[PDB]
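Enquirer: Okay, so here is model14.pdb, and as you'll see once you scroll down, it has PDB, C-alpha atoms.
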```pdb
ATOM      1  CA  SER A   1     -10.445   8.821  -2.634
ATOM      2  CA  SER A   2      -7.547   7.158  -4.478
ATOM      3  CA  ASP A   3      -6.970   4.843  -1.522
ATOM      4  CA  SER A   4      -4.242   2.221  -1.357
ATOM      5  CA  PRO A   5      -5.165  -1.453  -0.915
ATOM      6  CA  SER A   6      -5.916  -3.207   2.348
ATOM      7  CA  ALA A   7      -3.700  -6.014   3.657
ATOM      8  CA  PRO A   8      -3.405  -9.369   1.881
ATOM      9  CA  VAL A   9      -5.726 -11.930   3.445
ATOM     10  CA  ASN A  10      -4.853 -15.247   5.095
ATOM     11  CA  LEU A  11      -1.097 -15.159   4.585
ATOM     12  CA  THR A  12      -0.033 -18.814   4.774
ATOM     13  CA  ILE A  13       3.373 -20.456   5.029
ATOM     14  CA  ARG A  14       2.982 -23.061   2.296
ATOM     15  CA  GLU A  15       6.400 -24.707   2.577
ATOM     16  CA  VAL A  16       9.418 -24.508   4.902
ATOM     17  CA  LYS A  17      12.717 -26.048   3.788
ATOM     18  CA  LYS A  18      16.406 -25.830   4.694
ATOM     19  CA  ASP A  19      16.809 -22.209   3.574
ATOM     20  CA  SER A  20      13.650 -21.210   1.706
ATOM     21  CA  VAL A  21      10.004 -20.475   2.492
ATOM     22  CA  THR A  22       7.022 -20.422   0.119
ATOM     23  CA  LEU A  23       4.226 -18.031   1.073
ATOM     24  CA  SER A  24       0.726 -17.652  -0.367
ATOM     25  CA  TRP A  25      -2.107 -15.241   0.331
ATOM     26  CA  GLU A  26      -5.520 -14.127  -0.842
ATOM     27  CA  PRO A  27      -6.048 -10.718  -2.461
ATOM     28  CA  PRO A  28      -6.966  -7.853  -0.112
ATOM     29  CA  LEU A  29     -10.638  -7.291   0.569
ATOM     30  CA  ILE A  30     -10.183  -3.607  -0.365
ATOM     31  CA  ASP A  31      -8.291  -2.780  -3.554
ATOM     32  CA  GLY A  32      -8.675   0.954  -2.898
ATOM     33  CA  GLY A  33      -8.938   3.426  -5.753
ATOM     34  CA  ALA A  34      -7.590   1.038  -8.370
ATOM     35  CA  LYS A  35      -6.864  -2.625  -9.021
ATOM     36  CA  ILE A  36      -3.961  -4.443  -7.386
ATOM     37  CA  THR A  37      -0.866  -4.276  -9.604
ATOM     38  CA  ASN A  38       1.914  -5.937  -7.586
ATOM     39  CA  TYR A  39       2.736  -7.427  -4.196
ATOM     40  CA  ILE A  40       5.823  -6.630  -2.122
ATOM     41  CA  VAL A  41       7.378  -9.519  -0.179
ATOM     42  CA  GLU A  42       9.708  -8.808   2.743
ATOM     43  CA  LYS A  43      11.659 -10.749   5.363
ATOM     44  CA  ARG A  44      13.076  -9.880   8.780
ATOM     45  CA  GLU A  45      15.395 -12.029  10.856
ATOM     46  CA  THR A  46      14.330 -12.254  14.488
ATOM     47  CA  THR A  47      17.715 -10.648  15.267
ATOM     48  CA  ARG A  48      17.376  -7.647  12.891
ATOM     49  CA  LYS A  49      15.346  -4.467  13.217
ATOM     50  CA  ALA A  50      14.567  -3.626   9.582
ATOM     51  CA  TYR A  51      12.511  -5.533   7.025
ATOM     52  CA  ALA A  52      14.394  -6.378   3.826
ATOM     53  CA  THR A  53      12.406  -6.392   0.582
ATOM     54  CA  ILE A  54      12.827  -9.571  -1.455
ATOM     55  CA  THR A  55      10.707  -8.406  -4.393
ATOM     56  CA  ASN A  56       8.422  -5.464  -5.102
ATOM     57  CA  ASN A  57       7.086  -6.958  -8.361
ATOM     58  CA  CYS A  58       5.293 -10.160  -7.342
ATOM     59  CA  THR A  59       2.170 -10.370  -9.512
ATOM     60  CA  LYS A  60       0.913 -13.758  -8.333
ATOM     61  CA  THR A  61      -0.494 -14.497  -4.870
ATOM     62  CA  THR A  62       2.291 -16.959  -3.996
ATOM     63  CA  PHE A  63       6.044 -16.447  -3.698
ATOM     64  CA  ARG A  64       9.073 -18.499  -2.677
ATOM     65  CA  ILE A  65      11.739 -16.714  -0.620
ATOM     66  CA  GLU A  66      15.158 -18.278  -1.180
ATOM     67  CA  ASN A  67      18.765 -17.878  -0.034
ATOM     68  CA  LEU A  68      17.720 -17.662   3.607
ATOM     69  CA  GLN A  69      20.123 -18.539   6.422
ATOM     70  CA  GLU A  70      19.723 -22.198   7.392
ATOM     71  CA  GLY A  71      18.963 -22.346  11.099
ATOM     72  CA  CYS A  72      17.689 -18.744  11.230
ATOM     73  CA  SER A  73      14.218 -17.637  12.308
ATOM     74  CA  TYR A  74      12.252 -15.131  10.265
ATOM     75  CA  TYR A  75       9.161 -12.990  10.082
ATOM     76  CA  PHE A  76       7.704 -12.377   6.615
ATOM     77  CA  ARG A  77       5.473  -9.593   5.296
ATOM     78  CA  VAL A  78       3.428  -9.204   2.123
ATOM     79  CA  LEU A  79       2.029  -5.816   1.098
ATOM     80  CA  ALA A  80      -0.454  -5.063  -1.692
ATOM     81  CA  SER A  81       0.085  -2.175  -4.109
ATOM     82  CA  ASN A  82      -2.080  -0.360  -6.652
ATOM     83  CA  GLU A  83      -1.283   2.675  -8.777
ATOM     84  CA  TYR A  84      -2.017   4.985  -5.818
ATOM     85  CA  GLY A  85       0.209   3.462  -3.146
ATOM     86  CA  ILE A  86       1.193   0.574  -0.886
ATOM     87  CA  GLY A  87      -1.254  -0.873   1.639
ATOM     88  CA  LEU A  88      -0.803  -2.299   5.106
ATOM     89  CA  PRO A  89       1.164  -5.545   5.459
ATOM     90  CA  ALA A  90       0.040  -9.040   6.219
ATOM     91  CA  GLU A  91       2.691 -10.536   8.502
ATOM     92  CA  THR A  92       3.410 -13.990   9.843
ATOM     93  CA  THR A  93       2.355 -14.152  13.491
ATOM     94  CA  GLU A  94       5.036 -16.585  14.644
ATOM     95  CA  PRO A  95       8.653 -16.626  13.436
ATOM     96  CA  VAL A  96       9.547 -19.485  11.098
ATOM     97  CA  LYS A  97      12.732 -21.487  11.622
ATOM     98  CA  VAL A  98      14.233 -22.748   8.349
ATOM     99  CA  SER A  99      16.171 -25.994   8.719
ATOM    100  CA  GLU A 100      16.771 -29.356   7.086
ATOM    101  CA  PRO A 101      14.103 -31.871   8.165
TER
END
```
Represent the structure of the file as structure tokens.
Expert:
Amino acid sequence: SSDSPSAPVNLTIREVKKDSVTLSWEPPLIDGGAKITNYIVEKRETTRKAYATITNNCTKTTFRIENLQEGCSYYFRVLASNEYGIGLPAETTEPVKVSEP
């Protein structure tokens, strides 16, 4: 059916620093019609409407988002992609505040 992938599994915030966040995830349970080729990582400030893509070419299952706004709260999304399209996102349930510990 040439389906796209399902959502990445168990998206985890691995690290939260002053203005960066490291995410990790497990591959989707459904690759669809073809193998996973790349992951798309996105951010959204709690005060913005639209998600901003950080990278569309993440090939590992972990990624560090940098140059965030210290003191700002964010949602993050990771989407899985195969040759046939982009799947549904895995998203952080709570917003993450980046700040110096």
Enquirer: When the PyMOL selection byres ((chain A and resi 72) around 9) is applied to the structure above, which residues does it catch, written out as number ranges by chain?
Expert: A: 19, 45-46, 68-71, 73-74, 96-99
Enquirer: Those same residues, written as an mmCIF file, in the coordinates of the input with C-alpha atoms?
Expert:
```
data_model
loop_
_atom_site.group_PDB
_atom_site.id
_atom_site.type_symbol
_atom_site.label_atom_id
_atom_site.label_comp_id
_atom_site.auth_asym_id
_atom_site.auth_seq_id
_atom_site.Cartn_x
_atom_site.Cartn_y
_atom_site.Cartn_z
ATOM 1 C CA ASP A 19 16.809 -22.209 3.574
ATOM 2 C CA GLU A 45 15.395 -12.029 10.856
ATOM 3 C CA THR A 46 14.330 -12.254 14.488
ATOM 4 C CA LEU A 68 17.720 -17.662 3.607
ATOM 5 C CA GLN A 69 20.123 -18.539 6.422
ATOM 6 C CA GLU A 70 19.723 -22.198 7.392
ATOM 7 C CA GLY A 71 18.963 -22.346 11.099
ATOM 8 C CA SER A 73 14.218 -17.637 12.308
ATOM 9 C CA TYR A 74 12.252 -15.131 10.265
ATOM 10 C CA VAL A 96 9.547 -19.485 11.098
ATOM 11 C CA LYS A 97 12.732 -21.487 11.622
ATOM 12 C CA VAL A 98 14.233 -22.748 8.349
ATOM 13 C CA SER A 99 16.171 -25.994 8.719
#
```
Enquirer: Rank nothing, just name the residue among A:47, A:27, A:80, A:75 nearest to residue A:93, using all atoms listed in the file.
Expert: A:75
Enquirer: Distance table requested - stretch 40-101 of chain A against stretch 23-26 of chain A, cut-off 7 Å, only C-alpha atoms: one row per qualifying residue with the closest atom pair and its distance in Å to one decimal, ordered by chain and rising residue number, as CSV.
Expert:
```
residue,atom,partner,partner_atom,distance
A:61,CA,A:25,CA,5.5
A:62,CA,A:24,CA,4.0
A:63,CA,A:23,CA,5.3
A:64,CA,A:23,CA,6.1
```
Enquirer: If we draw a sphere of 8 Å around (4.7, -10.1, 10.6), which residues have at least one atom in it when counting all atoms listed in the file? Please report them as number ranges by chain.
Expert: A: 75-77, 89-94
Enquirer: Nearest to residue A:101 among A:79, A:41, A:16, A:54, with distances taken over only C-alpha atoms: which residue is it?
Expert: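 Checking each candidate against residue A:101, we get A:16 as the closest.
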Enquirer: Between A:40, A:86, A:21, A:78, which residue has the minimum interatomic distance to residue A:66, considering only C-alpha atoms?
Expert: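 Going through A:40, A:86, A:21, A:78 one by one, the smallest distance to residue A:66 is for A:21.
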